[PDB]
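Next comes just one chain, in structure tokens: the form deposited without adenosine-5'-diphosphate (ADP).
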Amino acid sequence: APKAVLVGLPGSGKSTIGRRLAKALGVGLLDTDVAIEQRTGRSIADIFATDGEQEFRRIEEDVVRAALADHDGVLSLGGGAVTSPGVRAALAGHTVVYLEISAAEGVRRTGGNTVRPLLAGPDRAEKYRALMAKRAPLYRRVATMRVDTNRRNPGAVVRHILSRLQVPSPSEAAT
């Protein structure tokens, strides 16, 4: 079972944090969005467009359940997986790290490299805020470790997690 399952919104640093955490632990990194494409040979968008949302979610849940069973390292969950009741059920009992950010912080961090993100109009930021209002309550439900990542360097976030994922040395009996 995974050392840590990472959840959060775009802008939470989830990709970078996952890689860095896996590097520090020396464990494998499995991203469920990548795994779905590797197992189907179809892009995320293609699946949505042809089989529909519900079928994408069923495929994703199968992938997530298999990873929870078989993967020992860091598991990075796609951003909509927790909308599936079966995924929230399957997570119970796992170590689930929620990289928590505010709506304002998320909007800032998903603006990209343009200097004047406001000039493109409010629609993208409004859709982001809507997404956070829907997703954040579900991430708080499934979390076992909430980590405030607002204005923190990704290395500090990794240290915070590592200090709360320590494993004692085994006894003689265990060895």
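Think of the rigid core as the biggest set of C-alphas that the two forms share within 1.5 Å after superposition. Don't overthink the numbering: it's just position in the shown sequence, from 1.
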Out of 124-132 and 138-146, which stretch has the higher average CA B-factor listed in the record?
-> 124-132
Hey, which bit's got the bigger mean C-alpha B factor in the entry, 42-50 or 111-119?
-> 111-119
Checking the entry, which one of 24, 17, 156, 165 has the top C-alpha B factor?
-> 156
Tertile call for residue 102 (CA temperature factor, within chain, third-based) is the highest
Determine, from the deposited record, the chain-internal third of the Cα B-factor for residue 2: lowest, middle or highest.
-> lowest
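The next section is about a form of this same protein that is not shown, the form deposited with adenosine-5'-diphosphate (ADP) bound.
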Can adenosine-5'-diphosphate (ADP), laid in as it sits in the deposited complex by superposing nearby C-alphas, fit this form, that is, is the pocket open, or is it blocked with 3 or more ligand atoms within 2.4 Å of backbone or C-beta atoms?
-> blocked
Is adenosine-5'-diphosphate (ADP) in the deposited complex near all of 95, 161 and 166, within 4.5 Å of a heavy atom of each?
-> no
Touches adenosine-5'-diphosphate (ADP) in the deposited complex: residue 157 (any heavy atom, 4.5 Å) = yes
Could you confirm whether residue 21 comes within 4.5 Å of adenosine-5'-diphosphate (ADP) in the deposited complex, counting heavy atoms only?
-> no
Close approach of residue 42 to adenosine-5'-diphosphate (ADP) in the deposited complex, 4.5 Å, heavy atom | no
Judged by heavy atom distances of 4.5 Å or less, which residues of 3-19 approach adenosine-5'-diphosphate (ADP) in the deposited complex?
-> 9, 10, 11, 12, 13, 14, 15, 16
Position that moves between this form and the one not shown after core superposition, taken from 67, 107, 27, 131, with Cα shift of 2 Å or more = 107
